[PDB]
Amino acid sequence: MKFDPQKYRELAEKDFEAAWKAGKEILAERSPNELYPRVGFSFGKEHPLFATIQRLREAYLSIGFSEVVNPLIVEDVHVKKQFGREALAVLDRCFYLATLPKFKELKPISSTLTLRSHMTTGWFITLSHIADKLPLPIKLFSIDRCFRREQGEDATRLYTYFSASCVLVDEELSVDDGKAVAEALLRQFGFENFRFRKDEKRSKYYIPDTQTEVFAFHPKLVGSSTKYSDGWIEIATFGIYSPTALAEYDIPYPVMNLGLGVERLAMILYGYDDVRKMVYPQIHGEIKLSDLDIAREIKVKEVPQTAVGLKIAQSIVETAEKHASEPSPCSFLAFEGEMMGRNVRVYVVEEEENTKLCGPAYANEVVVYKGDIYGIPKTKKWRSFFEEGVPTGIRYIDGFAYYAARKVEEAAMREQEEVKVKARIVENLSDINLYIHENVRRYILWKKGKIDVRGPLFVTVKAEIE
């Protein structure tokens, strides 16, 4: 609550300790669902692919390459100009844009247009307009989507993917330029060593013998459940465009092209093994809450609506903790004072005999651990659950005590003169006045986790209002 600067200055200057100890008055007194972990700020997370793409952007930028957007939709006449005869085997792995003619009848009519199968198809077009018109060397990059049909599968390969590519245009170029660029780039993503082998594919658009495959060594990978056990993985490729191809676009200068698969680099930088689970987690049921998250989701259902009632609840737990061993039958006044224009007396009791006030589980605490919600007691048997899971800070009596106080509160509204609520055996969270949204309940089942809140609460509260 707010307070008075002057009053506190004038009292603190005379009796500082008083003022200080009094500061407590300005703090908010919280009802159960307003207490950490039940309260929390949140923040947006970012997807591993896009994190990687942005990193890659900064990687190429820092080594002097400039950003560019190449043509994505291209007349397949360009694959023919770039591959020669091999051209027809490349277009078999491509997609053609088809449209709908000018109702329920209509059917897609293919066209000549394609969706680039790789950044190269467009580098040519883009380079043709500026290779002889810009100061040399020209260093450009583009990280963007491409398409390539893959044996009609999502498992053998996704249909779309990102390629982080670049091009170096200079008068004098050797394969040592791709190597120099491959290293200056990967070394920023943590790789420490590199090996370059010649690609047996020897593609028509690359000067023969320049098409190199690049292997990098990454620490994170060493001793990994994968095959990249030794830390080495093929992470990129490159070459020097053929003059035959450059001609078809009238490019007079030699051009080094080095590109890389973004999906794979993300899998490495963020620890994934299944490309599809990495980019499409939701769709592949790869969702997950943390114990912390689930604990925050366990809420108290019935809660006293009066400052008086909160006290009443406090008192029932207060006096239940003390006299939790008084053999039955007994009774104690937990709270007496007035609420809602009338005096009230609330008592903790046990009617049955040959036992004690509170059952042997009244003090059990609800704690989340490795995905399940347990209703357990702080025993040297549940040490791990309490030291590793996250304790909700609610015990059976706590949940009950709030139930009770809400009841006696409702009574003193319905004018009634007496109300006595009692808890017997606990089968589930409901019996402890504790709930969780229907979505969290489904996440838990979907995830094959359990709710295990059971026990002998046997706690009774008698109230008499006037």
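Numbers for residues come from their place in the sequence shown, where the first is 1.
- Per the record, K102 and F103 are separated by a gap of 10 or more residues from the deposited sequence that were not modelled.
- When the mean C-alpha temperature factors of 243-251 and 336-344 are read from the deposited coordinates, 336-344 comes out higher.
- Mean CA B-factor, 156-164 versus 119-127: the higher value falls on 156-164.
- Out of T306, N257, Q282, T212, the entry records its largest CA B-factor for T306.
- You'll see in the entry that, of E321, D230, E388, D199, the Cα B factor peaks at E321.
- Looking at the C-alpha B-factors along this chain, the one for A184 belongs to the lowest third.
- Among the modelled residues of its chain, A89 has a C-alpha B-factor that falls in the highest third according to the deposited record.
- Split the chain's modelled residues into thirds by C-alpha temperature factor. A412 is in the highest one.
- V421: CA B factor lies in the highest third for its chain, per the PDB record.
- Remark: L265 belongs to the lowest third of its chain, ranked by C-alpha B-factor as recorded.
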